[PDB]
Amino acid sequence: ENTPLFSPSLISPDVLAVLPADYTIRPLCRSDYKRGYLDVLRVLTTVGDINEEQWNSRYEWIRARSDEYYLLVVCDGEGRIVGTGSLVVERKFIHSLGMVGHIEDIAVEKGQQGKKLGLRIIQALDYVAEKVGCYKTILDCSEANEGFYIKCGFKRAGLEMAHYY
């Protein structure tokens, strides 16, 4: 229930050293369903009603693929989930069978925004991608939050195109 999704060694030690007092950054675990996880995602976009059985099934799917999916959380110093982020590591043939990190689903509870938590999430996901051998990490963002990603040391690389069904 409390077993981390992936090795705690994958959490950047430099990030751990600089996080605000009593805050924690750590891998997701199954029991995080009970600690406000999905409510944090609600700042990003819509989530829907997800029951515990459905959570458990999707969590186990992800856990079976813990060398592709890295989901982590930031907890306040009450252990409440206040921030989320994901890295998905894609395998390619190009770049001598290279791997690309994709940062996804970055969210910080409104009341906890503007305290460097999002920066620490991005730094932590960047650390994972580099450590496992990715040649780059990419993500898509809006014009309104490009400046956040600039401050995280990302640069504009292209355009996101979409087709919604």
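So that there is no doubt, residue numbering starts at 1 and follows the sequence shown. Heads up, when I say rigid core I mean the largest set of C-alphas that superpose within 1.5 Å between the two forms.
Here the rigid core sets the fit, and in 4 other deposited structures of this protein the C-alphas of 46 to 54 stray farther than those of the other stretch, out of 46 to 54 and 23 to 31. Choosing between 67 to 75 and 85 to 93, the greater Cα displacement from the shown form in 4 other deposited structures of this protein, fitted by the core, goes with 85 to 93. As recorded in the PDB entry, 55 to 63 is the stretch of 55 to 63 and 118 to 126 with the greater mean C-alpha temperature factor. Look at the mean CA B-factor for 44 to 52 and for 31 to 39 in the entry; the higher one is 44 to 52.
Placement of the Cα temperature factor of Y23 within the chain: highest third of the modelled residues, per the deposited record. Ranked by Cα temperature factor within the chain, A157 sits in the middle third according to the deposited record. For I11, the recorded CA B-factor ranks within the lowest third of the chain. Only modelled residues enter the ranking.
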